[PDB]
Amino acid sequence: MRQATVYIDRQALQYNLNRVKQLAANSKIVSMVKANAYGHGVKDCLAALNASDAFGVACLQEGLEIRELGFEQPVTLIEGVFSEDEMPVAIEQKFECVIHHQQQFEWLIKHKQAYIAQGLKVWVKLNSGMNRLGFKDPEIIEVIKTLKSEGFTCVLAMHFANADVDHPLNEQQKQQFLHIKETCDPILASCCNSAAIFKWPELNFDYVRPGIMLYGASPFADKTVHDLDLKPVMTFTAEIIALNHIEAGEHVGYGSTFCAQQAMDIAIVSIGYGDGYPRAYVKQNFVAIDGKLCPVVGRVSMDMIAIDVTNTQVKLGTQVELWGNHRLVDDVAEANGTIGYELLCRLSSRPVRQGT
Amino acid sequence: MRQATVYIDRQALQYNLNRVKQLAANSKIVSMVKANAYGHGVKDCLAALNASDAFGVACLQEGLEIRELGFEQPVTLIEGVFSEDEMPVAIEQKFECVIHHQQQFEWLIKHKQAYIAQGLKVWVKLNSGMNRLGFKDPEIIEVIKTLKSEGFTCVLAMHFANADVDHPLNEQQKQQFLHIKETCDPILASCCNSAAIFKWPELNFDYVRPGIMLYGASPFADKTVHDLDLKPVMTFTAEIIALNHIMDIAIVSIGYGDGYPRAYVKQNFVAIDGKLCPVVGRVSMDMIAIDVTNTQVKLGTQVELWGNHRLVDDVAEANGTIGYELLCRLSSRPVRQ
């Protein structure tokens, strides 16, 4: 059979979760497992992340998947509910809801007795500048005041727009968050994503929300996972399916975008964009084979790529790493003009998934 | 429930398959349905493409899926088999194999009695300068003349590297192909992909192999599906989940976690009720933002990410790639209607 495989290392997941604990020692952890655990597979990741205090998801359906798999941890719906009829289900399954706008506020008050009797906190989202989701200052203060007076236990929640770099909007957001915290204390609070866990332990408060770092990929353009002491969780592999010796001046692939400047050995590998390996590169990309790095040559097709193996001993069937511990997913991303998060999330169903 | 939806228009599939019949009037059609029908879902495309003479796939698993869905059309494994132990299954399921290198030729000869007795053609792939898979000239002639001698029925097969453009390697590939066919005649022949179907009817021969055109996306960077008279098959949608007055901004329930592409080289757009609206700021994992200043919307309004009104090739061009890739790299999260 064609070999295209996605391996998920459970020990690395445990290790990176433990890194969160080391960096945010006095906070509960909301492990962000949305988008099928950032493409790593919930079935394969939840057990490894079972020491989490909570799991964070993008929608009710992701939360129902967690429950169906047998997991009883608190789950936070990080965008809240999209329709009122989700409220009874959320309450029954013990899913705490983010609220970010008036509509959800009205639905929550409507279901307040059952929601409160289930012991569920409400996460009240601040828009401090991103202008995506949330209540603005000062409206958020009245919302919180009202929820408290209605009998709710609240969590003040914000997300940083640019925690991954040095940016002036980070200070505007920190100060907006502390103003609201001060104004609404006593209150639980949560604002650290992976980047903020590394940079701002003073903002840990009661709950941190790591995502990308759990998966052993970097929240920072200028730091490797080795710099951060994280372990890559996913290895994405395929195999050599053809070998070809070509002469100077011969082209390779669709588009004939690559011309051989000397004679060379080419291997064809059984992966392409139909597996979720990215097509369009803005700098040279490499794969990892036999302890070496080999350049990807010419265009990536739906089902196949070509690599220059002139300098590397290979055979038919030789295993080729597209990313993992030897070719880092964030280096592949950078060559593709994007970020690791996206590569991890846009794999197709064609590769076989294997837990390790 | 969060709304993110993939719709597949069966009538559009049928229309486009008919465009193939119009442009390649006398050939059998191998509909290319690799990669889960270029992302469209084999369950929802094989029926619509049932009039296809054959289906083409990337691997044995994809062909097994076709049979599991109840389809008995001939299937061509377009890269052949990857391990020898695939051969008894290919034979049993009546999958024709490409052979492109010596290893596969050896495994085929080893299973000749059963393969021939099953009535299965062998598609012998020529490498004429694309430099991906294939036997070279003159080595391919030997392979073919041996297979004929063993009683196999052959198809001479080739793929164009640059059929989408004007390019001299197209002529080199053509002339090599014709030379090999002449030497090995009479012989069944196949070389046209979507671009080739549009451009070179003289090279249709016995089997044409439409892929992208079936789905109503363009094989040509410089031509729209309207120019080509193809109907978009996939509509990809989500809904407005929040509205903010800053401009009026709508937040939409799609992101790169759904397969909506993140990184753009120029301004992208969505369509709402047929009207283009700009995407603003960055695409996150679960959400995008759109400028609705000129456009009357509500919470819950359905937003077209691509389909008939925002063309997938336009989105792809803004993302620095081609439609094929976008169709292929959707996540499991959106509901397939």
# chains A, B, ... in the order shown; residues from 1 in each chain; ligands from 1
$ interface_residues --of "chain A" --to "chain B" --cutoff "8 Å" --atoms "only C-alpha atoms" --output "ChimeraX atom specification"
/A:1-2,35,38,58-61,81-83,86,101,131-133,241-242,244,246,250-256,268,273-276,279-280,302-303,306,337-338,342,345-348,350
$ residues_around --residues "residue 234 (chain B)" --least-positions-apart "6" --cutoff "10 Å" --atoms "only C-alpha atoms" --output "list in words"
residues 6, 7, 8, 9, 10, 12, 13, 39, 40, 215, 216, 217, 306, 307, 308, 311, 312 and 327 of chain B
$ atom_distance --atom1 "CA of residue 330 (chain A)" --atom2 "CA of residue 26 (chain A)"
29.7 Å
$ residues_around --residues "residue 65 (chain B)" --least-positions-apart "6" --cutoff "10 Å" --atoms "only C-alpha atoms" --output "list in words"
residues 36, 42, 43 and 71 of chain B
$ closest_residue --among "B:123, B:283, B:75, B:64" --to "residue 341 (chain A)" --atoms "only C-alpha atoms"
B:283
$ closest_residue --among "A:158, A:117, A:304, A:180" --to "residue 139 (chain A)" --atoms "only C-alpha atoms"
A:180
$ residues_around --residues "residue 245 (chain A)" --least-positions-apart "6" --cutoff "7 Å" --atoms "only C-alpha atoms" --output "ChimeraX atom specification"
/A:264-266
